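Participant: Sharing a structure with you now.
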Amino acid sequence: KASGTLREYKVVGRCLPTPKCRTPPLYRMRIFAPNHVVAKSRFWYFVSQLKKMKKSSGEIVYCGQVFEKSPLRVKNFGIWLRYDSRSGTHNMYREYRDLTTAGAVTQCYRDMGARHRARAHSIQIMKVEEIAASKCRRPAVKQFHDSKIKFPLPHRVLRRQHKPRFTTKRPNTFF
Amino acid sequence: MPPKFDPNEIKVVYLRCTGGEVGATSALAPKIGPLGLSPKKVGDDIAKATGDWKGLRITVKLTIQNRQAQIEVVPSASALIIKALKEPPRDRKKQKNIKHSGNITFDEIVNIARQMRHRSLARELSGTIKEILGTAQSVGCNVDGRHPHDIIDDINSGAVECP
Amino acid sequence: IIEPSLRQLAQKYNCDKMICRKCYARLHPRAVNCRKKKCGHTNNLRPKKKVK
Amino acid sequence: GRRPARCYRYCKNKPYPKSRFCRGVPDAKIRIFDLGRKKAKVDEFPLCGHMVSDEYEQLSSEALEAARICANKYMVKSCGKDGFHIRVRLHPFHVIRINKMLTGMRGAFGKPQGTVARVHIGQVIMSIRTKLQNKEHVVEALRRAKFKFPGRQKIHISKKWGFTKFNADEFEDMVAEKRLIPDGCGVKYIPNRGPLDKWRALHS
Amino acid sequence: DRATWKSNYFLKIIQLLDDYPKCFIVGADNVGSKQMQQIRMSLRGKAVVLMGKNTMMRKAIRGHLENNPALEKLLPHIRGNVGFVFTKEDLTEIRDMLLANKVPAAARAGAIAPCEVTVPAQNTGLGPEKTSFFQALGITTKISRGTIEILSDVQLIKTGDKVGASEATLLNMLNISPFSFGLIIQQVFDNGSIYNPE
Amino acid sequence: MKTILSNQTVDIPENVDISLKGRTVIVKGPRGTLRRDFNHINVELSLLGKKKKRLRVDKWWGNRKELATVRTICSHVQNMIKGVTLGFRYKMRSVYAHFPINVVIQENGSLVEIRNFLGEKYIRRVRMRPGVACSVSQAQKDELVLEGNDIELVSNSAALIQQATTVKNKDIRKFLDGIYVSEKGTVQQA
RNA sequence: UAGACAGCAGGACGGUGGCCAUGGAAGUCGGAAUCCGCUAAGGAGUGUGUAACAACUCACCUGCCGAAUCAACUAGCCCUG
Ligand SMILES: [Mg+2]
Ligand SMILES: [Mg+2]
Ligand SMILES: [Zn+2]
């Protein structure tokens with residue numbers, strides 16, 4: 001799987017009946033992916049590991065997008081993970097800040113490529129939780145739990161360099 | 001004894017310490033105490049009757065566990081026989097000096113403690129029974145002019161009465 | 001031959017040290033890792049041998 | 001006479017074991033596959049720590065013996081002469097051929113110099129059985145052993161009880177209920193299907 | 001470790017301070033525990049004697065249950081090296097006791113010179129090894145048939161100095177140390193009434 | 001990670017006055033003046049109080065290493081204040097077995113001549129760094145003194161001597177001859 | 001925050017050579033071993049030289065600064081090889 005900017009989809013599914021069993025159980029999952037053609041496919045990936053079904057022996061009843069409930073309120077997210085490196089297979093827990101659940105997850109897949117260099121086909125996502133200001137075990141996020149917070153914008157580089165390319169004024173990097 | 005309460009062969013020789021005084025914890029609550037049928041009042045009454053002069057002197061302890069009346073002869077106080085001929089009596093309530101008379105004046109107790117040992121801790125004609133009864137000159141003493149650590153290379157008596 | 005306190009002061013700078021087994025170096029006596037890049041901060045040390 | 005082991009590390013050729021078709025091979029350098037107080041009942045030595053493999057390769061009889069000895073020495077010096085029981089869970093059944101060029105490349109089919117053992121991933125090579133206060137010494141022992149093998153191995157504790165196949169949390173209850181019997185260095189499970197005379201003998 | 005040792009002290013020292021009213025605290029100067037060790041032969045558990053740690057900074061938990069006054073009035077008095085010596089007994093008697101209940105008092109150097117120094121008109125010890133120790137200071141060293149007998153009566157040391165290596169090795173090695181004191185009386189716990197030891 | 005702020009502070013006594021042209025510190029006091037530049041660290045220095053009582057140094061958005069510099073600036077300043085207010089004095093002693101050493105001072109306090117080390121005929125000359133003044137001592141025979149206001153030049157100066165006076169091609173565990181530092185200290189005990 | 005963790009400052013006794021080994025092992029290539037207490041705690045004791053020492057020293061508490069720290073694993077870029 002590749003990635004763009006991700007989205008959350010609610011997919012719920014069922015096996016196929018037969019003269020033995022008439023109404024089998026339903027099964028729900030919560031999935032993050034670009035669009036609905038891939039999410040259906042990731043669904044059969046997981047549900048096959050857990051239970052004993054396949055695509056020919058089942059049907060997709062509903063697949064739909066779930067929208068954020070409060071997208072203008074800053075939130076703290078906590079993420080539980082399974083990936084596999086070049087040697088073994090590992091678990092972990094990570095924390096982030098964002099407005100939307102989608103954006104936090106997206107923010108992970110980048111981060112893992114950078115620290116640990118894992119491609120998306122090597123990652124499984126179990127659970128995501130809106131965490132309080134407490135219960136945050138990681139300091140990078142606790143820096144920002146301050147009612148009276150401030151800081152400056154120190155050394156600020158010139159963007160827009162090739163607007164004038166040959167000048168006379170040497171720049172200024174103090175504001 | 002294994003299958004049920006069958007007292008056939010239980011006479012045993014165990015080891016305790018903290019000194020043979022009446023104490024606040026009494027020094028008579030070991031782990032081997034509650035195996036041996038000893039209530040707390042009598043097991044001290046025998047110990048204080050047994051600890052009469054010869055010897056009231058604090059030794060570590062020893063106890064040949066019998067049923068009721070348990071004798072405890074003087075153990076192998078060998079660092080403490082440096083001092084256990086202290087001018088008696090000194091039991092309790094009059095002990096302002098820890099062990100500080102400095103009046104052992106080694107003249108006879110060296111060889112008398114040497115023979116008093118029951119051929120214990122030695123493969124020698126009492127040479128080790130001198131050595132390990134001299135291993136503890138920390139707070140010891142000697143003749144009024146003699147000091148430890150600069151007399152320990154001389155012997156001036158006869159080894160005929162050793163065992 | 002020499003006053004003991006001065007003698008101690010000399011031995012400070014010429015006898016009380018640790019030695020990497022690889023790079024054959026000198027280190028302060030309270031060390032656990034070498035200082036050189038030739039060995040890789042190697043964590044394998046001994047003390048210096050005092051005269052008999 | 002012996003070569004390095006980079007020449008024979010990978011599982012290239014098919015198995016060619018010792019049988020009526022292959023004759024003329026020596027024996028192996030290892031002959032003993034377990035040590036320690038190998039008689040202890042199931043209750044004395046409940047803890048098990050394993051060595052596990054992570055490659056598909058070949059291991060030699062020499063390697064196994066060297067590893068066997070290094071572990072025994074330290075384990076003695078740490079705990080005791082009878083504080084443990086150790087077992088090796090591999091056997092050298094596959095054979096190695098050598099073509100000696102003292103013709104050239106004509107008539108090439110070797111001579112059976114050697115024996116070696118094959119490994120799959122997840123298999124077990126070594127295992128130790130002892131008590132719980134001696135956990136870290138067990139780990140230290142095996143760690144000294146990995147430096148005798150060509151590969152990447154790793155160590156883990158088992159949830160089981162000893163060299164059995166039952167979970168520790170269940171075992172202890174399950175022996176006080178007459179499903180498991182301690183018949184030696186192992187156990188013996190028994191179900192509710194046989195003839196009752198064995199239920200009469202028990203429960204009495 | 002520190003598991004069962006302090007699991008006692010979750011409530012043990014709390015219990016000591018609640019149920020049994022009056023006490024003393026003994027300050028420990030730069031001292032070896034010989035005094036705290038062989039104080040056994042000064043007294044017994046008439047009440048108890050036990051120096052511990054600085055748990056006497058943990059007093060909000062102690063006044064939590066409203067046990068006894070005069071408890072919280074010690075936090076400045078404990079910045080390091082102090083203990084606690086418990087007696088529910090006659091006041092002025094134990095005052096006089098721990099004024100000078102400090103016998104062993106061994107330390108090579110570091111302490112004070114409390115009183116005036118006098119003529120050493122005694123035989124502390126003779127050494128034929130070397131006489132430079134006396135020749136350096138330059139006092140009468142009349143030799144009368146090997147031995148050395150001094151008769152000069154003059155003043156050498158006076159109160160308010162700082163001890164040096166010379167007299168430090170002197171007072172260790174020659175079996176004389178009028179130099180160290182062990183553990184002194186300084187406070188009063190009258191169950192709530194705070195006054196001085198006059 | 002990165003962190004938003006780290007800061008640390010230094011006080012000043014009344015006797016002393018300091019000033020700053022950005023990252024260029026000016027100290028003055030009884031024993032003169034000192035001048036030192038910190039234009040290679042990227043910090044913000046500020047000075048606040050009645051007649052500039054107290055100094056703080058702070059940094060924004062730095063790594064593990066870049067935070068490590070903040071206390072190091074402060075440590076230098078404490079040293080400069082102490083030097084201009086008190087001044088540094090290091091004492092050095094000589095050691096020998098058979099052949100003693102003869103040290104003399106040619107200029108007022110600049111040039112040193114070491115002579116007869118291990119019975120050689122060669123002569124060793126040393127030049128003090130500027131500002132430092134050396135002079136033989138009293139009440140102990142074999143002893144030097146180095147006074148200065150800048151610890152750097154002193155310590156640099158004393159160590160030139162210690163390395164110039166050293167032995168080669170032998171076992172040094174026995175041959176222990178040289179000039180070795182005795183103790184650091186101050187011109188004034190206050 | 002009951003003040004640990006780094007550093008400065010009082011140490012490592014008795015039944016006890018436990019006990020093999022004595023050619024040497026009162027800790028002393030070192031091996032089955034490894035109870036008891038004195039305190040507030042000294043381990044049937046950690047390398048050192050060793051007829052053997054006494055002891056040097058490698059857990060244990062009396063104070064200074066002082067706290068959010070400590071240990072063992074594991075994997076990514078860089079480094080030695
Ligand atoms: Mg082939
Ligand atoms: Mg040998
Ligand atoms: Zn190195």
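Ordering of the structure tokens sets the chain letters (A, B, ...), residue numbers begin anew at 1 in every chain, and ligands are numbered from 1 in the order given.
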Find the residues around residue 125 of chain F up to 9 Å (only C-alpha atoms (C1' of nucleotides) counted), leave out those fewer than 6 positions away in its own chain, and share them as JSON, numbers by chain.
Facilitator: {"F": [111, 112, 113, 114, 115, 164]}
Participant: As a PDB file with N, CA, C and O atoms (P, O5', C5', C4', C3', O3' and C1' of nucleotides), in the first residue's frame, could you give me every residue of chain G near chain B (at most 9 Å apart, counting only C-alpha atoms (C1' of nucleotides))?
Facilitator:
```pdb
ATOM      1  P     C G  13      37.272  -7.293  59.344  1.00  0.00           P
ATOM      2  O5'   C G  13      36.740  -7.241  60.854  1.00  0.00           O
ATOM      3  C5'   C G  13      37.621  -7.464  61.953  1.00  0.00           C
ATOM      4  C4'   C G  13      36.889  -7.691  63.260  1.00  0.00           C
ATOM      5  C3'   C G  13      36.841  -9.130  63.758  1.00  0.00           C
ATOM      6  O3'   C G  13      38.030  -9.526  64.418  1.00  0.00           O
ATOM      7  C1'   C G  13      34.680  -8.181  63.911  1.00  0.00           C
ATOM      8  P     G G  14      38.339 -11.083  64.656  1.00  0.00           P
ATOM      9  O5'   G G  14      37.307 -11.511  65.791  1.00  0.00           O
ATOM     10  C5'   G G  14      37.117 -12.879  66.120  1.00  0.00           C
ATOM     11  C4'   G G  14      35.849 -13.095  66.903  1.00  0.00           C
ATOM     12  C3'   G G  14      35.332 -14.528  66.930  1.00  0.00           C
ATOM     13  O3'   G G  14      35.929 -15.305  67.948  1.00  0.00           O
ATOM     14  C1'   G G  14      33.589 -13.084  66.305  1.00  0.00           C
ATOM     15  P     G G  15      36.846 -16.571  67.589  1.00  0.00           P
ATOM     16  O5'   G G  15      35.844 -17.810  67.655  1.00  0.00           O
ATOM     17  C5'   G G  15      34.759 -17.847  68.571  1.00  0.00           C
ATOM     18  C4'   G G  15      33.901 -19.080  68.386  1.00  0.00           C
ATOM     19  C3'   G G  15      34.384 -20.106  67.366  1.00  0.00           C
ATOM     20  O3'   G G  15      35.391 -20.979  67.860  1.00  0.00           O
ATOM     21  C1'   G G  15      32.104 -19.658  66.993  1.00  0.00           C
ATOM     22  P     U G  16      36.885 -21.020  67.242  1.00  0.00           P
ATOM     23  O5'   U G  16      36.751 -20.554  65.721  1.00  0.00           O
ATOM     24  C5'   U G  16      37.152 -19.248  65.308  1.00  0.00           C
ATOM     25  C4'   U G  16      37.431 -19.174  63.834  1.00  0.00           C
ATOM     26  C3'   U G  16      37.057 -17.831  63.199  1.00  0.00           C
ATOM     27  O3'   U G  16      37.813 -17.573  62.011  1.00  0.00           O
ATOM     28  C1'   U G  16      35.698 -19.508  62.300  1.00  0.00           C
ATOM     29  P     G G  17      39.419 -17.514  62.014  1.00  0.00           P
ATOM     30  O5'   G G  17      39.822 -19.038  61.795  1.00  0.00           O
ATOM     31  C5'   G G  17      41.055 -19.411  61.197  1.00  0.00           C
ATOM     32  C4'   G G  17      40.848 -20.131  59.892  1.00  0.00           C
ATOM     33  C3'   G G  17      39.901 -21.320  59.978  1.00  0.00           C
ATOM     34  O3'   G G  17      39.145 -21.446  58.775  1.00  0.00           O
ATOM     35  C1'   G G  17      42.092 -22.070  59.399  1.00  0.00           C
ATOM     36  P     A G  26      43.380 -21.153  55.091  1.00  0.00           P
ATOM     37  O5'   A G  26      44.584 -20.567  55.963  1.00  0.00           O
ATOM     38  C5'   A G  26      44.752 -19.167  56.151  1.00  0.00           C
ATOM     39  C4'   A G  26      43.921 -18.654  57.299  1.00  0.00           C
ATOM     40  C3'   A G  26      43.475 -17.206  57.190  1.00  0.00           C
ATOM     41  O3'   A G  26      42.345 -17.054  56.350  1.00  0.00           O
ATOM     42  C1'   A G  26      44.307 -17.625  59.371  1.00  0.00           C
ATOM     43  P     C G  35      24.285 -20.690  53.685  1.00  0.00           P
ATOM     44  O5'   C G  35      23.712 -21.506  54.931  1.00  0.00           O
ATOM     45  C5'   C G  35      23.134 -20.857  56.055  1.00  0.00           C
ATOM     46  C4'   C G  35      23.511 -21.549  57.344  1.00  0.00           C
ATOM     47  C3'   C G  35      23.155 -20.806  58.623  1.00  0.00           C
ATOM     48  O3'   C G  35      21.845 -21.127  59.056  1.00  0.00           O
ATOM     49  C1'   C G  35      25.403 -21.626  58.721  1.00  0.00           C
ATOM     50  P     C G  36      20.779 -19.989  59.430  1.00  0.00           P
ATOM     51  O5'   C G  36      21.218 -19.512  60.884  1.00  0.00           O
ATOM     52  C5'   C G  36      22.104 -18.419  61.049  1.00  0.00           C
ATOM     53  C4'   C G  36      22.941 -18.567  62.292  1.00  0.00           C
ATOM     54  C3'   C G  36      23.087 -17.318  63.148  1.00  0.00           C
ATOM     55  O3'   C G  36      22.015 -17.166  64.060  1.00  0.00           O
ATOM     56  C1'   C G  36      25.217 -18.281  62.759  1.00  0.00           C
ATOM     57  P     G G  37      21.000 -15.932  63.930  1.00  0.00           P
ATOM     58  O5'   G G  37      21.952 -14.651  63.982  1.00  0.00           O
ATOM     59  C5'   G G  37      21.714 -13.558  64.864  1.00  0.00           C
ATOM     60  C4'   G G  37      22.924 -13.287  65.722  1.00  0.00           C
ATOM     61  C3'   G G  37      23.384 -11.841  65.825  1.00  0.00           C
ATOM     62  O3'   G G  37      22.634 -11.100  66.781  1.00  0.00           O
ATOM     63  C1'   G G  37      25.244 -13.287  65.497  1.00  0.00           C
ATOM     64  P     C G  38      23.069  -9.613  67.228  1.00  0.00           P
ATOM     65  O5'   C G  38      24.466  -9.812  67.980  1.00  0.00           O
ATOM     66  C5'   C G  38      24.808  -9.103  69.164  1.00  0.00           C
ATOM     67  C4'   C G  38      26.038  -8.245  68.966  1.00  0.00           C
ATOM     68  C3'   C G  38      25.839  -6.958  68.177  1.00  0.00           C
ATOM     69  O3'   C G  38      25.329  -5.894  68.970  1.00  0.00           O
ATOM     70  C1'   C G  38      27.762  -8.108  67.372  1.00  0.00           C
ATOM     71  P     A G  54      45.508 -11.669  58.420  1.00  0.00           P
ATOM     72  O5'   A G  54      46.053 -10.474  59.320  1.00  0.00           O
ATOM     73  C5'   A G  54      46.140 -10.583  60.735  1.00  0.00           C
ATOM     74  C4'   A G  54      46.822  -9.376  61.325  1.00  0.00           C
ATOM     75  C3'   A G  54      46.180  -8.036  60.986  1.00  0.00           C
ATOM     76  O3'   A G  54      45.115  -7.691  61.856  1.00  0.00           O
ATOM     77  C1'   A G  54      48.489  -7.941  60.499  1.00  0.00           C
TER      78        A G  54
END
```
Participant: When DSSP works through the backbone of this structure, what residues of segment 25-172 of chain D end up as helix (DSSP H, G or I), shown as a PyMOL selection string?
Facilitator: chain D and resi 61-78+132-148+168-172
Participant: Please produce a file of the residues just selected, as a short mmCIF file (atom, residue, chain, number, x, y, z; two decimals), in the first residue's frame, where the atoms kept are C-alpha atoms.
Facilitator:
```
data_model
loop_
_atom_site.label_atom_id
_atom_site.label_comp_id
_atom_site.auth_asym_id
_atom_site.auth_seq_id
_atom_site.Cartn_x
_atom_site.Cartn_y
_atom_site.Cartn_z
CA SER D 61 28.80 -31.70 15.14
CA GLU D 62 31.89 -29.84 16.31
CA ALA D 63 29.89 -26.69 16.95
CA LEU D 64 27.36 -28.58 19.03
CA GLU D 65 30.00 -30.16 21.24
CA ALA D 66 31.89 -26.92 21.82
CA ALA D 67 28.66 -25.19 22.77
CA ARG D 68 27.74 -28.10 25.02
CA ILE D 69 30.97 -27.75 26.99
CA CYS D 70 31.12 -23.98 27.38
CA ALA D 71 27.65 -24.00 28.87
CA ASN D 72 28.39 -26.84 31.28
CA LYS D 73 31.52 -25.21 32.65
CA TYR D 74 29.97 -21.87 33.53
CA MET D 75 26.74 -23.45 34.71
CA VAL D 76 28.69 -25.64 37.12
CA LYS D 77 30.76 -22.71 38.37
CA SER D 78 27.60 -20.67 38.91
CA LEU D 132 13.77 -19.74 39.26
CA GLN D 133 16.40 -18.05 41.40
CA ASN D 134 18.97 -19.05 38.76
CA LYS D 135 17.32 -17.33 35.79
CA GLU D 136 20.03 -14.85 34.87
CA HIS D 137 22.78 -17.44 35.11
CA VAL D 138 20.91 -19.53 32.56
CA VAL D 139 20.78 -16.57 30.20
CA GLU D 140 24.46 -15.84 30.69
CA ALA D 141 25.38 -19.42 29.89
CA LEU D 142 23.62 -19.55 26.54
CA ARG D 143 24.95 -16.13 25.57
CA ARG D 144 28.49 -17.49 25.79
CA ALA D 145 27.38 -20.29 23.46
CA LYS D 146 26.12 -18.28 20.50
CA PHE D 147 29.66 -17.29 19.59
CA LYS D 148 30.34 -20.86 18.52
CA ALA D 168 2.68 -23.55 34.21
CA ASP D 169 -0.44 -21.85 35.55
CA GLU D 170 -2.51 -24.97 34.75
CA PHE D 171 0.00 -27.71 35.58
CA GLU D 172 0.01 -27.33 39.33
#
```
Participant: Just want the residues within 6 Å of ligand 3, written as a PyMOL selection string, counting only C-alpha atoms (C1' of nucleotides) and all ligand atoms.
Facilitator: chain C and resi 20+22-23+34+36+39
Participant: Would you mind listing, as number ranges by chain, all residues of chain G that have at least one atom within 12 Å of chain E, where only C-alpha atoms (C1' of nucleotides) are what counts?
Facilitator: G: 1-4, 9-11, 38-41, 59-66
